[PDB]
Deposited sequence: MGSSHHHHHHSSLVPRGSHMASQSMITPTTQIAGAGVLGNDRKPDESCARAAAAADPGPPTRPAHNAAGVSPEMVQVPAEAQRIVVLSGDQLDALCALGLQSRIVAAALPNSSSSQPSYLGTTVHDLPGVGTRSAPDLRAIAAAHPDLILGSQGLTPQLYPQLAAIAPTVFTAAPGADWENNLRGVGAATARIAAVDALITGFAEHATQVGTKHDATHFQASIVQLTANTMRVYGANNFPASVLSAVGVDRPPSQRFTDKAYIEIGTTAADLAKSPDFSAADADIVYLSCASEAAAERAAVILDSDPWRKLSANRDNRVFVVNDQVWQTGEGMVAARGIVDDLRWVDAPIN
């Protein structure tokens, strides 16, 4: 009974190559990149999102797949969905990366730090920080890596204004929103330090007191049959509105079990029909500007009847 919601930039003036910064802890920290990279290999989901927000998706030649997955993300359109794979984000395939003969490689120090020297020997390589709450800084690093700092500045400025405008029109500050993600065996309740939390903050939506922690991304509650038969407490998940995504198909197949469970039916948001199923790629795994706009779109339901 839970409603389902789901959810080319011109280069800066300069020479044909530019210096760009790697994330802190990458050696070396500076890398010379082309001003107009024609064949980009992207190894992290947030950078793929960034290239789409910059209108550069037709220059991507391959992308690392989400781990345990067998396909590219679909929330970014068919051109990205059809991209060849180069292994997964946690284990990129260097032979396939070399086979794409890229002139630019984007990756993340939070995913494959050990791989940077081998990647840099194939093509100019830029590593951003780990994806998550700092997505806007990661976007800024993609902007420098593609010589599109001005373009990224406008995307960030336009997003902040757009998010604030949506929050004002829909009275976001008067609602506490909960962020929940189901896995096959557990329920994850996200706090205030992660990708979707930072987008809810940009819109101005409040969070329930149980979801304001910042020491970790989420807390995890068991949801197996043995767990449910031990009278668990899901009250950390309650709010005025609950946004719930499923981390996998097996999680989706068990979602209705948890939503029908006695511990979940105790939640006031469930009684009030204010639990909404949302796209996990938009809310959890994309972690970029296009995903962020999808979350803002879903947040338009905070003041719905």
| item | value |
| --- | --- |
| Deposited-sequence stretches lacking C-alpha coordinates, listed in sequence order | 1-33, 41-51, 350-351 |
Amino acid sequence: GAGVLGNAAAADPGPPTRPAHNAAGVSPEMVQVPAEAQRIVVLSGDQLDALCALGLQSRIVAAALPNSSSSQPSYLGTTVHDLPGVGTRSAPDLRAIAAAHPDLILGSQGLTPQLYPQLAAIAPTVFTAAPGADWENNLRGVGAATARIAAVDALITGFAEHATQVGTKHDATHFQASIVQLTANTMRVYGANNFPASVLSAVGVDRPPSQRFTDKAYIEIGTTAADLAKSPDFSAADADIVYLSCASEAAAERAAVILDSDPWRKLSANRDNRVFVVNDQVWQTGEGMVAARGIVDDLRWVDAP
From here on, numbers count along this sequence of modelled residues.
| property | result |
| --- | --- |
| Residue range whose averaged C-alpha B-factor is higher in the record, 196-204 or 214-222 | 214-222 |
| Greater mean Cα temperature factor according to the PDB record, 30-38 or 237-245 | 30-38 |
| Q72, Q109, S90, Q176, ranked by C-alpha B-factor: the highest one | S90 |
| Residue selected from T164, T146, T128, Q181 by maximal Cα B factor | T164 |
| Chain-relative CA temperature factor third for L119 | lowest |
| Chain third (lowest, middle, highest) by recorded CA B-factor, residue given as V142 | lowest |
| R188 CA temperature factor, ranked by third within the chain | lowest |
| Ranked C-alpha temperature factor of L56 among modelled chain residues, by third | highest |
| Chain-relative CA temperature factor third for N270 | middle |
